[PDB]
Amino acid sequence: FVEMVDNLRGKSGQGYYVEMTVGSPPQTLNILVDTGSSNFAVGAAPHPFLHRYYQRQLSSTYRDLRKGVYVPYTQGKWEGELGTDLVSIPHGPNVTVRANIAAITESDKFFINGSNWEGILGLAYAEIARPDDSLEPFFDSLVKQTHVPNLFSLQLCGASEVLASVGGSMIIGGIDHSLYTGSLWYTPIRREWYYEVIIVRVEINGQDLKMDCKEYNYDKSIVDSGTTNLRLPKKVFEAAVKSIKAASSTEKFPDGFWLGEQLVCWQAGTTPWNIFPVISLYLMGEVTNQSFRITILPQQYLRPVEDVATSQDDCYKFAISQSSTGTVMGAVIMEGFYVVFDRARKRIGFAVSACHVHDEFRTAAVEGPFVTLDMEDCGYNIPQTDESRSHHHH
Ligand SMILES: CC(C)Oc1cccc(CN2CC[C@@]3(C[C@@H]2C)CN(C)S(=O)(=O)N3c2cccc(F)c2)c1
Ligand SMILES: [Zn+2]
């Protein structure tokens, strides 16, 4: 799928985007690739952080749905007008789809200054689409309207006045064998809403965290290309950081470092990578009682940032952070691997990425099988609110 290799770009820590065209004539837009949301939404009015926006009135193929949408999150929000229009991905399949499109008219702390993207491509399922699950996500429309297989795969490749440029591949409708090495291991998608998975075990430098495995998935664990960090539930983050601190103890970093709010530096090329441990997440296998592990290096969890005030040093940000909404396997995890979102088979595949950052001593790894007799259920059941229970699903 050569035509789709290297079709993603971005700035380190500001997301990966794909170029898309919307309307007739086609309006070129850079769109955030987000497996953690399900709406196709685009800046549609001026904003200080946008180099352009979607102009609905200028598309001959635009159809107004005469319905607005309000999308609040913890860290930001967007609102807009719903409609449909012709959509294509120039470095994607040779097809045009009529998809739903939310024209963003108002937002707060959503767009990022310098990110070079003006919209979002929510690749997750209809269950989490706003306003409700009847608003068909883009990927669902693409599959229904064309002969494109119900699968996509992501190879996110990790990195003085600007942030480092990043690259990647979104292979729509297939798996490209040049993007990975070794075996491709699959973990079941628990439920089709977010790309929800189950973590059965966590090790830091081969050492088991020894927590009740439901703690790893409290309240869920998701694969999210739209999130930079590896985000872990409070108790898990504490145990993990305690362990990384102990292995790296010859270096006494400020508190701000471990909170992910401060860079730590070393003379160029002298970074002591070997004092930092590998992190292994064991994911539920397709077979009962089996698991496989995905192992990341500090090259994935220590994000490179070039200091204006310290240009001659290699500086890093700690990219593991606390969560109150479960585990989020963001770019920190994804950059080590080629990830296959096999929707047709309700499973997620992981293989060692041909582009992952490593050294001469260690590599990111995907290894299995690991067996457990009479394996306990590691899944958490989210308390059901009266509001969600009341929803009908016709
Ligand atoms: C590329 C990254 C760096 O920035 C992003 C900017 C916009 C959307 C996304 C994708 N994605 C990231 C996580 C998300 C939901 C959002 C769609 C869920 N979380 C619970 S959240 O509230 O943090 N939240 C978030 C983060 C920033 C702004 C916002 F409104 C919500 C990422
Ligand atoms: Zn009903």
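All heavy atoms count here, side chains included; hydrogens, waters and symmetry mates do not. The first residue in the sequence is number 1, and the count goes up from there. First listed ligand is number 1; within each ligand, the first listed atom is number 1.
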Stepwise, does the salt bridge (charged side-chain N to carboxylate O under 4.0 Å, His left out) test hold for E106 with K77? CA-CA 8 Å; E106 174 274 343; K77 56 184 178 72; 3.0 Å; yes
Other residues, nucleotides, ligands: >12 heavy atoms within 6.0 Å of [X] [atom1]:
X	atom1	result
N94	CG	no
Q267	CD	no
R98	CZ	yes

N/O/S atom name from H394 that is nearest to the position of the Zn ion (ligand 2): NE2
Shortest-distance N/O/S atom, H392 versus the Zn ion (ligand 2): ND1
Among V200, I198, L209, which residue satisfies the side chain to side chain contact (heavy atoms under 4.5 Å, CB included) criterion with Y216? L209
Which residue holds the protein heavy atom closest to [atom], what is that atom called, and what is the gap in Å?
atom	value
atom 9 (C) of ligand 1	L32 CD2, 3.6 Å
atom 32 (C) of ligand 1	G226 O, 3.3 Å
atom 28 (C) of ligand 1	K109 O, 3.4 Å
atom 26 (C) of ligand 1	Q75 CB, 4.0 Å
atom 19 (N) of ligand 1	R231 NH1, 4.9 Å
atom 4 (O) of ligand 1	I112 CD1, 3.4 Å

Under 4.0 Å from a heavy atom of [X]: give me the atoms of ligand 1 that qualify, with their elements.
X	result
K77	30 (F)
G15	1 (C)
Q14	1 (C)
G76	29 (C), 30 (F)

So is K235 actually on top of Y218's ring, under 6.0 Å and inside 45° of the axis? no
Between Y17, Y16, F110, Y73, which one has a non-hydrogen atom sitting closest to atom 15 (C) of ligand 1? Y73
Taking the six-membered ring for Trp and the full ring for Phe, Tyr or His, determine whether the centres of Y180 and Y338 are under 6.0 Å apart. yes
Below 6.0 angstrom between ring centroids: does that apply to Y195 and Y125? yes
So, does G13 sit close enough to ligand 1 that a heavy atom of it is under 4.0 Å from the ligand? yes
Using non-hydrogen atoms of the residue, decide whether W117 is closer than 4.0 angstrom to ligand 1. yes
Check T227 against ligand 1 and report side chain, backbone, both or neither, counting heavy atoms closer than 4.0 Å. side chain
Structural part of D34 in contact with ligand 1, heavy atom criterion under 4.0 angstrom: side chain
Would you indicate whether the side-chain heavy atoms of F152 and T35 approach each other to under 4.5 Å? yes
Among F361, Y316, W266, exactly one meets ring pair (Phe, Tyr, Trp, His ring centres under 6.0 Å) together with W273. Which residue is that? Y316
With the threshold set at 4.0 Å, does a side-chain nitrogen-carboxylate oxygen contact exist between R191 and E127? yes
